[PDB]
Amino acid sequence: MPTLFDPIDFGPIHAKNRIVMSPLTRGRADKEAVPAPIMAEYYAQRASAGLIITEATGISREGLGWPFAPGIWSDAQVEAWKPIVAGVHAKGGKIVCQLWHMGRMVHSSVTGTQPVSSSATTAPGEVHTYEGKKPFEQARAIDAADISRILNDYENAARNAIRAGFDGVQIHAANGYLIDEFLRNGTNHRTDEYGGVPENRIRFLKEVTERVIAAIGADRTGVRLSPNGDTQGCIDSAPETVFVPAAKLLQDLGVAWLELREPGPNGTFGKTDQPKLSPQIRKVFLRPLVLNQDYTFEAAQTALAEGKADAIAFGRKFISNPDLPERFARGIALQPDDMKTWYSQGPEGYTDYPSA
Ligand SMILES: Cc1cc2nc3c(=O)[nH]c(=O)nc-3n(C[C@H](O)[C@H](O)[C@H](O)COP(=O)(O)O)c2cc1C
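## Quick notes on the UniProt feature "binding site: FMN" (unreviewed entry) in the chain
1) Next: In the numbering used here, UniProt assigns the "binding site: FMN" (unreviewed entry) feature to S22, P23, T25, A56, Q98, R224, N292, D294, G315 and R316.
2) Next: The topology assignment puts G315 in the loop between β14 (311-314) and α10 (316-320).
3) Next: For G315, a relative accessible area of 12% puts it in the buried group.
4) Next: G315 has contacts with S22, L24 and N292, leaving out every residue within four places of it along the chain.

Written out as structure tokens, the structure reads:
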């Protein structure tokens, strides 16, 4: 019954439509992870999205490896995010901060410390640094003092997001970052209460989510999961046995909304033959369910008509179509995105894609 053009409530967040801007790392902050003024223009250009999910935003230096990505642990960062968020609100938009701990996906040259993870494992390929790509480093398996600290960092980051004026947060529990490295049995080789059976592998997600909810409210908390397909060396051998229970826990804790990134067999941002778990998750998580990856306008419209999702998040289309909702409403061709400038430092390929 819903179309992409119909409004939706994400908890108390009143979105004007169901065309979500997915989280996109762009690397237009400074080397100190403080947002830069150009980011205000980039997000204001995209304020017609029913909801913007920010680029992944580091909760701590330990968890933030991506060159020129922002953080939200410090008041300098909070003060720089304030005008960015204000410019979206002034255009009638809504925006949530995606809270990031990268886990084993960082390089020590950026963070100053060894990568941390569920287990002492190594991501495949090479990692981005300020001196170019380097081999990934084997992580260290976090202990109870580290868990306490990391929970504190999620708590503080969530508080700071609200302090900056964000409408809410999304916990980044996807794409082979720290939480995902606990969830999936390909990365989690722990012997303690955080390893082994699915309820143990969900425990870290549970504790992060509980601490964010206690800080800012369940109704202001969303989560992203990526249940299916290897992403950055992280895969589960039987994802339904951990991700359907994870989604149910989130439902029971009061989490306001859930986004699933789901590659398919012919996916163009990763691909996989692991089946998509959205149909099973839709039956256990009953609040707004946002799906993502490879959606066209007609596939998205059909998903909402068939009750498969309440909203769809678009990533690459929002890179090059700041006015994606208007282009869809008006049948205007979608401008191609320039992959060479996804992660570069310029305004080129960032704030210089025109609106219709
Ligand atoms: C340049 C770029 C940066 C991205 N950064 C993030 C990110 O910060 N957080 C995240 O959860 N996903 C990130 N993603 C994944 C997207 O949110 C999205 O899942 C992906 O682009 C597929 O959806 P699409 O087919 O609509 O583009 C990124 C994708 C791209 C292309």
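## Some thoughts on unusual backbone geometry
1) Next: We note that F68 has phi near 65 degrees; this positive angle belongs to a residue other than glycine.
2) Next: At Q232, a residue that is not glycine, the phi angle is positive and equals roughly 50 degrees.
3) Next: Note on placement: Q232 falls in the loop between β11 (221-225) and α7 (240-253).

## Comments concerning the site of the ligand
1) Next: The environment of the ligand is formed by 19 residues, the closest being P23, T25, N292, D294 and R316.
2) Next: A distance of 2.7 Å separates an oxygen atom of the ligand from a polar atom in the side chain of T25.
3) Next: Here an oxygen atom of the ligand and a backbone polar atom of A56 are 3.1 Å apart.
4) Next: Contact with the protein chains covers 95% of the free accessible surface of the ligand, which is 610 Å².
5) Next: For the shell around the ligand, the per-class residue count stands at 7 nonpolar, 8 polar and 4 charged.

Reading the values: rules and limits
Residues numbered from 1 in each chain as written, not as in the entry; some residues may be left out. Heavy atoms only, no water. UniProt positions renumbered as here; feature names shortened; annotations may be inferred. Helix = DSSP H or I, 4+ residues; strand = E, 2+ residues; numbered from the N terminus. Buried < 20%, exposed > 50% of the residue type's maximum accessible area, 1.4 Å probe, protein only. Contact = heavy atoms within 4.5 Å. Near = heavy atom within 4 Å. Polar contact = N/O pair within 3.5 Å; in protein donor to acceptor, adjacent residues only side chain to side chain. Areas by Shrake-Rupley, 256 points an atom, 1.4 Å probe, with all protein chains shown as cover. Nonpolar A, V, L, I, M, F, W, Y, C, P; charged D, E, K, R; others polar.

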